[PDB]
Structures are given as structure tokens and as C-alpha cells.
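Text of structure04.cif, listed as mmCIF, C-alpha atoms and all ligand atoms:
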```
data_input
loop_
_atom_site.label_atom_id
_atom_site.label_comp_id
_atom_site.auth_asym_id
_atom_site.auth_seq_id
_atom_site.Cartn_x
_atom_site.Cartn_y
_atom_site.Cartn_z
CA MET A 1 30.94 7.24 18.52
CA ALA A 2 27.58 8.95 17.87
CA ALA A 3 29.04 9.03 14.32
CA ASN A 4 29.17 5.18 14.18
CA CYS A 5 25.94 4.76 16.22
CA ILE A 6 23.24 3.14 14.12
CA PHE A 7 20.44 4.48 16.37
CA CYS A 8 21.64 8.03 15.95
CA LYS A 9 21.67 7.34 12.19
CA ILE A 10 18.02 6.21 12.39
CA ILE A 11 17.11 9.17 14.63
CA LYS A 12 18.59 11.83 12.29
CA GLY A 13 17.13 10.12 9.17
CA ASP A 14 20.35 8.75 7.58
CA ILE A 15 18.90 5.19 7.69
CA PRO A 16 15.19 4.48 7.18
CA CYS A 17 13.08 2.57 9.70
CA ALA A 18 9.33 2.45 10.26
CA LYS A 19 8.60 4.57 13.30
CA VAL A 20 6.17 2.80 15.75
CA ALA A 21 5.89 5.88 17.99
CA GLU A 22 7.68 9.17 18.60
CA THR A 23 7.51 11.54 21.56
CA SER A 24 9.51 14.66 22.32
CA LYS A 25 12.41 12.73 23.92
CA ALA A 26 12.02 9.12 22.68
CA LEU A 27 11.40 6.85 19.67
CA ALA A 28 10.04 3.30 19.14
CA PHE A 29 10.53 0.89 16.24
CA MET A 30 10.73 -2.81 15.32
CA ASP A 31 13.87 -4.89 15.81
CA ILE A 32 14.99 -6.19 12.41
CA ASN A 33 17.03 -8.90 14.22
CA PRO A 34 14.26 -10.14 16.56
CA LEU A 35 14.37 -13.00 19.09
CA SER A 36 10.65 -13.48 18.52
CA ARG A 37 7.89 -12.10 16.29
CA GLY A 38 6.89 -8.54 17.42
CA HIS A 39 10.20 -7.75 19.21
CA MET A 40 10.54 -3.99 19.42
CA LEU A 41 12.85 -1.31 20.72
CA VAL A 42 12.31 1.93 22.69
CA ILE A 43 15.20 4.40 22.63
CA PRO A 44 15.90 7.92 23.85
CA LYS A 45 16.56 10.46 21.11
CA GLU A 46 19.59 11.66 23.16
CA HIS A 47 22.81 9.69 22.55
CA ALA A 48 23.27 8.24 26.05
CA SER A 49 25.53 5.18 25.95
CA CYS A 50 24.21 3.77 29.30
CA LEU A 51 21.03 4.36 31.33
CA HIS A 52 22.92 6.27 34.04
CA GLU A 53 23.88 8.90 31.45
CA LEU A 54 20.25 9.60 30.55
CA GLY A 55 18.64 12.89 31.69
CA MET A 56 15.84 12.77 34.28
CA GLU A 57 13.29 14.38 31.91
CA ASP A 58 14.34 11.88 29.21
CA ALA A 59 13.94 9.09 31.75
CA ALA A 60 10.33 10.13 32.48
CA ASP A 61 9.48 10.21 28.76
CA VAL A 62 11.20 6.87 28.06
CA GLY A 63 9.41 5.21 31.02
CA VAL A 64 6.07 6.42 29.65
CA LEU A 65 6.82 5.27 26.08
CA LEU A 66 8.02 1.90 27.44
CA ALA A 67 4.70 1.39 29.27
CA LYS A 68 2.74 2.37 26.17
CA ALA A 69 4.81 0.04 24.00
CA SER A 70 4.22 -2.83 26.49
CA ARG A 71 0.46 -2.36 26.01
CA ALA A 72 1.03 -2.69 22.23
CA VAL A 73 3.12 -5.82 22.80
CA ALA A 74 0.61 -7.34 25.26
CA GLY A 75 -1.80 -7.47 22.29
CA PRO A 76 -5.51 -6.82 21.74
CA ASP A 77 -6.58 -8.94 24.77
CA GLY A 78 -3.43 -8.37 26.85
CA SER A 79 -2.49 -12.07 26.89
CA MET A 80 0.95 -11.81 25.32
CA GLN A 81 3.81 -12.36 27.75
CA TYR A 82 7.09 -10.47 27.26
CA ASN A 83 10.46 -9.46 28.66
CA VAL A 84 11.84 -5.92 28.93
CA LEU A 85 15.64 -5.87 28.70
CA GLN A 86 18.12 -2.99 28.62
CA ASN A 87 21.85 -3.67 28.52
CA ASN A 88 24.65 -1.41 29.81
CA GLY A 89 28.17 -2.39 28.77
CA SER A 90 29.52 -4.94 26.33
CA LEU A 91 30.13 -7.43 29.15
CA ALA A 92 26.42 -6.91 29.81
CA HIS A 93 25.68 -7.84 26.16
CA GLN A 94 25.17 -4.24 24.95
CA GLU A 95 26.20 -4.05 21.26
CA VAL A 96 25.09 -0.62 20.00
CA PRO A 97 26.46 2.07 22.41
CA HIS A 98 23.09 3.91 22.72
CA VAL A 99 20.43 3.12 25.38
CA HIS A 100 17.75 0.82 23.97
CA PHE A 101 15.00 -1.09 25.75
CA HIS A 102 14.04 -4.35 24.09
CA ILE A 103 10.37 -5.43 24.50
CA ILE A 104 10.49 -9.11 23.52
CA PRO A 105 7.32 -11.27 23.13
CA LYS A 106 7.54 -14.65 24.83
CA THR A 107 5.26 -16.75 22.74
CA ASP A 108 7.03 -19.97 23.41
CA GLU A 109 9.35 -21.95 25.68
CA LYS A 110 11.60 -22.30 22.57
CA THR A 111 11.64 -18.62 21.43
CA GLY A 112 12.02 -15.07 22.83
CA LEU A 113 14.40 -14.15 25.65
CA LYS A 114 16.18 -17.02 27.36
CA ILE A 115 17.55 -16.24 30.83
CA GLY A 116 19.95 -17.97 33.25
CA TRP A 117 18.89 -17.32 36.87
CA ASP A 118 21.51 -18.68 39.30
CA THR A 119 21.51 -16.72 42.57
CA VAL A 120 24.43 -16.09 44.93
CA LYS A 121 24.54 -15.65 48.72
CA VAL A 122 24.93 -12.11 50.06
CA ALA A 123 25.31 -11.35 53.78
CA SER A 124 23.15 -8.97 55.82
CA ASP A 125 26.18 -6.71 56.45
CA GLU A 126 26.87 -6.50 52.67
CA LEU A 127 23.23 -5.70 51.90
CA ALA A 128 23.27 -2.83 54.39
CA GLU A 129 26.49 -1.45 52.93
CA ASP A 130 25.11 -1.55 49.38
CA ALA A 131 21.76 -0.07 50.53
CA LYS A 132 23.53 2.86 52.20
CA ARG A 133 25.84 3.58 49.24
CA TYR A 134 22.99 3.35 46.73
CA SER A 135 20.51 5.48 48.72
CA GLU A 136 23.07 8.21 49.33
CA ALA A 137 23.99 8.14 45.59
CA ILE A 138 20.33 8.45 44.66
CA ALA A 139 19.60 11.11 47.31
CA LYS A 140 22.07 13.60 45.72
CA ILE A 141 20.69 13.44 42.12
CA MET B 1 -3.44 -11.90 44.70
CA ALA B 2 -2.29 -8.56 46.16
CA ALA B 3 -2.95 -10.48 49.42
CA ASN B 4 -0.25 -13.08 48.53
CA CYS B 5 2.03 -10.51 46.83
CA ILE B 6 5.29 -10.16 48.73
CA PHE B 7 6.00 -6.70 47.24
CA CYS B 8 2.67 -5.38 48.43
CA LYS B 9 3.57 -6.83 51.85
CA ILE B 10 6.86 -4.88 51.79
CA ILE B 11 5.11 -1.74 50.50
CA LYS B 12 2.45 -1.69 53.28
CA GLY B 13 5.03 -2.55 55.99
CA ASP B 14 3.99 -6.16 56.79
CA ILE B 15 7.52 -7.40 55.92
CA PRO B 16 10.64 -5.32 56.64
CA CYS B 17 13.17 -4.38 53.98
CA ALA B 18 15.78 -1.62 53.83
CA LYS B 19 14.40 1.06 51.55
CA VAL B 20 17.07 2.30 49.02
CA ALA B 21 14.79 5.08 47.70
CA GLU B 22 11.12 6.07 47.77
CA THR B 23 9.21 8.49 45.56
CA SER B 24 5.51 9.27 45.41
CA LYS B 25 4.72 6.35 43.05
CA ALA B 26 7.73 3.98 43.35
CA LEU B 27 10.12 2.18 45.72
CA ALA B 28 13.67 0.73 45.46
CA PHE B 29 15.39 -1.93 47.56
CA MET B 30 18.01 -4.70 47.45
CA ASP B 31 17.30 -8.18 46.08
CA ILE B 32 17.84 -10.70 48.89
CA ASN B 33 18.19 -13.44 46.21
CA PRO B 34 20.71 -11.65 43.96
CA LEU B 35 22.41 -12.92 40.78
CA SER B 36 25.37 -10.70 41.63
CA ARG B 37 26.52 -8.41 44.43
CA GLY B 38 24.53 -5.09 44.38
CA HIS B 39 21.48 -6.50 42.51
CA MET B 40 18.53 -4.26 43.23
CA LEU B 41 14.87 -3.86 42.42
CA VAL B 42 12.69 -0.87 41.44
CA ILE B 43 8.93 -1.37 41.81
CA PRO B 44 5.79 0.72 41.48
CA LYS B 45 3.82 1.17 44.68
CA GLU B 46 0.65 0.31 42.69
CA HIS B 47 -0.08 -3.44 42.40
CA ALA B 48 0.25 -3.80 38.62
CA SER B 49 0.91 -7.42 37.66
CA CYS B 50 2.45 -6.50 34.23
CA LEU B 51 3.97 -3.32 32.79
CA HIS B 52 1.00 -2.74 30.48
CA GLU B 53 -1.26 -2.40 33.53
CA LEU B 54 0.84 0.43 35.00
CA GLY B 55 -0.55 4.00 34.94
CA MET B 56 1.16 6.60 32.74
CA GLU B 57 2.03 8.86 35.72
CA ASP B 58 3.41 5.79 37.54
CA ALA B 59 5.40 4.94 34.42
CA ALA B 60 7.04 8.39 34.41
CA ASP B 61 8.00 8.09 38.09
CA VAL B 62 9.29 4.51 37.70
CA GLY B 63 11.38 5.50 34.63
CA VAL B 64 12.96 8.33 36.64
CA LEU B 65 13.67 6.12 39.68
CA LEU B 66 15.11 3.43 37.36
CA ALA B 67 17.55 5.96 35.85
CA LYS B 68 18.55 7.20 39.30
CA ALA B 69 19.05 3.64 40.54
CA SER B 70 21.23 2.86 37.47
CA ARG B 71 23.53 5.74 38.48
CA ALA B 72 23.80 4.13 41.96
CA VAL B 73 24.55 0.76 40.36
CA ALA B 74 27.09 2.23 37.89
CA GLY B 75 29.17 3.10 40.99
CA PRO B 76 31.31 6.04 42.10
CA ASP B 77 33.23 6.23 38.76
CA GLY B 78 30.42 4.88 36.56
CA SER B 79 32.42 1.82 35.45
CA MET B 80 30.06 -0.90 36.64
CA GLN B 81 28.21 -2.67 33.84
CA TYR B 82 24.66 -3.93 34.42
CA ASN B 83 21.46 -5.34 32.97
CA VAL B 84 17.94 -3.98 33.47
CA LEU B 85 15.32 -6.73 33.27
CA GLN B 86 11.56 -6.67 33.81
CA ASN B 87 9.51 -9.82 33.31
CA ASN B 88 5.80 -10.03 32.34
CA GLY B 89 4.21 -13.46 32.69
CA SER B 90 5.40 -16.72 34.22
CA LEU B 91 6.44 -18.03 30.79
CA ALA B 92 8.54 -14.86 30.71
CA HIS B 93 10.13 -15.87 34.06
CA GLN B 94 8.03 -13.49 36.21
CA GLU B 95 7.62 -15.07 39.68
CA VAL B 96 6.05 -12.39 41.90
CA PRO B 97 2.91 -11.01 40.14
CA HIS B 98 3.86 -7.32 40.70
CA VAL B 99 5.96 -5.23 38.25
CA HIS B 100 9.61 -5.16 39.31
CA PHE B 101 12.66 -3.95 37.41
CA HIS B 102 15.86 -5.80 38.27
CA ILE B 103 19.10 -3.75 38.02
CA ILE B 104 21.77 -6.47 37.98
CA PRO B 105 25.55 -5.68 38.16
CA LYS B 106 27.63 -7.59 35.62
CA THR B 107 30.94 -7.84 37.34
CA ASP B 108 31.96 -11.03 35.66
CA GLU B 109 31.53 -13.38 32.70
CA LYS B 110 30.59 -16.03 35.34
CA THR B 111 28.05 -13.98 37.39
CA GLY B 112 25.08 -11.59 36.93
CA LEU B 113 22.47 -11.98 34.19
CA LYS B 114 23.12 -14.66 31.60
CA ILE B 115 21.22 -14.24 28.32
CA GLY B 116 20.54 -16.45 25.28
CA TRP B 117 20.39 -14.33 22.09
CA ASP B 118 19.29 -16.46 19.12
CA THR B 119 17.51 -14.35 16.49
CA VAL B 120 14.79 -15.43 14.05
CA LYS B 121 13.96 -14.24 10.53
CA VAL B 122 11.01 -11.88 10.12
CA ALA B 123 9.78 -10.70 6.70
CA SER B 124 9.32 -7.08 5.61
CA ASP B 125 5.55 -7.63 5.25
CA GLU B 126 5.35 -8.98 8.84
CA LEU B 127 7.36 -6.05 10.21
CA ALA B 128 4.99 -3.57 8.56
CA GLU B 129 1.95 -5.38 9.95
CA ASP B 130 3.37 -5.37 13.49
CA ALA B 131 4.48 -1.71 13.15
CA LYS B 132 0.98 -0.66 12.11
CA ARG B 133 -0.80 -2.62 14.87
CA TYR B 134 1.61 -1.37 17.54
CA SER B 135 1.55 2.30 16.47
CA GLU B 136 -2.24 2.38 16.30
CA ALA B 137 -2.38 0.70 19.76
CA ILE B 138 0.01 3.29 21.15
CA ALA B 139 -1.70 6.22 19.39
CA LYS B 140 -5.01 5.63 21.28
CA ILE B 141 -3.53 5.60 24.84
ZN ZN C 1 23.50 6.94 19.32
ZN ZN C 2 1.79 -6.55 44.71
#
```

Represent the structure contained in this file as C-alpha cells.
Ligand SMILES: [Zn+2]
Ligand SMILES: [Zn+2]
Amino acid sequence: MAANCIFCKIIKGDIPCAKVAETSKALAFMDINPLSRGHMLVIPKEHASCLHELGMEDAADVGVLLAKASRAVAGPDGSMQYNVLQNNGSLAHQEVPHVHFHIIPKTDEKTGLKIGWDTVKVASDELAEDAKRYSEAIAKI
Amino acid sequence: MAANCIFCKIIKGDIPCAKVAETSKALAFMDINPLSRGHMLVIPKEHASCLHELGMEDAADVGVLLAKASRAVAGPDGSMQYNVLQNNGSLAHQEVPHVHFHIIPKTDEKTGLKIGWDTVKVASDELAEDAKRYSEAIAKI
């Protein structure tokens, strides 16, 4: 559903939204449901539902816009802390089915992104297996 | 402290780590303290402590490697869900002072990245103010 995709609606002009930046392949704007003041979004213009569906040229342009946006979010003296978050799948907390990078200011212990970081044990043999599968997958793109 | 930066140590070869991919400006490898099985990291070779310190060319290369890595993480049939997370500042849960993108498989409600998503109200006037400041900041990069 690109038809029922609110970011496609913004991109084509069917819903208005103040544009923070625009490049050939990407757009930035403010999140109107922020976790903290200054929370923004960077999206590809292409309707990719997950990051792995995004084109390589689109990936270069989105990476560049993300870095530029982080400088905006870091503030005039660069002291503002922040989290970059991009979700892929509804189990992974993705709501709109279109790639979007959140850049979320962390002003406060009580506001912004709150993360649970509980690690698990993985074996050396399992790490090697995953490293092989991943590198071969990446090598053939 | 690039001297006490474990990712710089990996990058220069002072600590061994199976390399999942390597490009001119970026490296990928497995996280040895994973939140879920297959949790990996994508880092710039440059010692940038936060994303806003990263060069634009390095940003393009890291965006491309991130997209490639997501295809690896999505798996042979692309069904694996995942979160991309990059932290900037110790209040923002950044531990190693070198930019690193986590790509974290979400296999399970009980494993992988766990996120708290409590939004705050922002006014139209505040959104316009932030949009102006951000777009002007981005325009002059
Ligand atoms: Zn869309
Ligand atoms: Zn470093």
C-alpha cells in the first residue's frame, strides 16, 4: 500500500508538511508525533517498505542527508545528543510501511528514545557462520 | 580518545575481528555482545565520535554499506525483521565514542531491540521554528 502510505502522500503533495530539506532521492521533515522537541525524519522518495529494498544510489543519498540532518539536530554548538533509529517490520516497531530514519534529540533522561539493552550469549561457531553468510550476501550485491 | 577507542583498534588491526564487509570508507562486523542472534555493526573507518562529525563522502559510503548489510540481515527470503540504531552521546546510550550503526534482528517479542515510544505535544509555532533552524543549518553544508 503506497496508496495508503502517508509518506508517499506527503511526497506527492496530497498532504502538506514543512520540508526541512530535499535532495534528488530523499526528503526531510519534522515528526508531528515527536518523542522529544526537534525530532525529525529522513525518508527516501522511493516507496521502499524496508531498508533492504532501497536502491544503492538512494542509499548513498539518504546516508548523506542523514548526516546533514544530524548536524542540524546537534545544534549550533554541536552539544545536542540524539538517537538515529530506523525500523523494519511491525514486530520491529515499524508503523508506516515506508523507510524512515528518526533523528531523536536526547535532551533528558526522562524524554527522547528509551532503549532496553539486554545482551545474549552467542558462540564463536555461530558468529563465524553468520559472518560467512552475511559477507557472501553482501559480496554479490 | 582514538587511542582508547576499540573500533579504531579493530580498524588498524590491533584487535582481531572477522570482517563481514569492507569498502573504501567503512567496515562491517558482528557484535560480540549481541541483543539477538545475527546482530551486526557498520562503522566508518574515520574516527568520528558522532554522526554529525562524519564527512559527506564517508556518509554516502556508510549509507550504502548499511543498505547492503540490511539485505544480509533480512536473510535469504527477506523475511527477517530488524532495527537500525545509531547512538550519539552517552545520555543517548553511546558507549564507544566512534560512530557505529547497529543492525539488530528482531526474531522475537522477547529478544532484539526493545523501545519505549511515548510521544510529547509540540505546537505548530515550535515546529516551524525547528524546521527553519534545521533547514538553514542543512542548506549551508
Ligand atoms: Zn510510501
Ligand atoms: Zn575510533

Counting only C-alpha atoms and all ligand atoms, what are the residues of chain A within 9 Å of ligand ZN 1 (chain C), and for each of them which pair of atoms is the nearest and at what distance in Å, to one decimal? Sort the table by chain and rising number, as a tab-separated table.
```
residue	atom	partner	partner_atom	distance
A:1	CA	C:ZN1	ZN	7.5
A:2	CA	C:ZN1	ZN	4.8
A:3	CA	C:ZN1	ZN	7.7
A:4	CA	C:ZN1	ZN	7.9
A:5	CA	C:ZN1	ZN	4.5
A:6	CA	C:ZN1	ZN	6.4
A:7	CA	C:ZN1	ZN	4.9
A:8	CA	C:ZN1	ZN	4.0
A:9	CA	C:ZN1	ZN	7.4
A:10	CA	C:ZN1	ZN	8.9
A:11	CA	C:ZN1	ZN	8.2
A:44	CA	C:ZN1	ZN	8.9
A:45	CA	C:ZN1	ZN	8.0
A:46	CA	C:ZN1	ZN	7.2
A:47	CA	C:ZN1	ZN	4.3
A:48	CA	C:ZN1	ZN	6.9
A:49	CA	C:ZN1	ZN	7.2
A:96	CA	C:ZN1	ZN	7.8
A:97	CA	C:ZN1	ZN	6.5
A:98	CA	C:ZN1	ZN	4.6
A:99	CA	C:ZN1	ZN	7.8
```

Self-check item: Counting only C-alpha atoms, the option among A:105, A:76, A:63, A:112 closest to chain B
Solution: A:63

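The residue set within 12 Å of residue B:93, counting only C-alpha atoms and dropping same-chain residues fewer than 4 places from it, reads residues 81, 82, 83, 84, 106, 108, 109, 112, 113, 114, 115, 116 and 117 of chain A; 85, 86, 87, 88, 89, 97 and 100 of chain B.
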
Quiz item: Between B:123, B:17, B:41, B:26, which one has atoms that come closest to residue B:57, using only C-alpha atoms?
Solution: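 For residue B:57, the nearest of the candidates is B:26.
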
Quiz item: What is the atom CA of residue B:130-atom CA of residue A:110 distance in Å, reported with one decimal?
Solution: 20.9 Å

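Between atom CA of residue A:55 and atom CA of residue A:27 the separation is 15.3 Å.
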
Practice problem: Counting all atoms listed in the file, write as a ChimeraX atom specification all protein and nucleic acid residues lying at most 10 Å from (3.6, -7.5, 24.3) in the file's frame. | Solution: /A:38-40,69-76,78-84,103-107 /B:51-52,88,134

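Atom to atom, atom CA of residue B:35 and atom CA of residue B:50 stand 22.0 Å apart.
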
Self-check item: Counting only C-alpha atoms, the residue of A:65, A:43, A:20, A:15 that sits nearest chain B
Solution: A:20

Quiz item: Looking at B:28, B:135, B:42, B:16, which one is nearest to chain A, with distances taken over all atoms listed in the file?
Solution: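 Answer, going by the shortest atom-to-atom distance: B:135.
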
Practice problem: Counting all atoms listed in the file, figure out which residue out of B:102, B:37, B:140, B:132 gets nearest to residue A:18. | Solution: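 For residue A:18, the nearest of the candidates is B:132.
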
Quiz prompt | Given only C-alpha atoms as the counted atoms, nearest of A:56, A:77, A:25, A:12 to chain B | solution =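 Ranking A:56, A:77, A:25, A:12 by distance to chain B, first place goes to A:56.
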
Give the padded box for stretch 69-83 of chain B as JSON: axis-aligned, covering all atoms listed in the file, 3 Å on each side, centre and edge lengths in Å to one decimal.
```
{"center_x": 26.1, "center_y": 0.4, "center_z": 37.5, "size_x": 20.2, "size_y": 17.6, "size_z": 15.1}
```
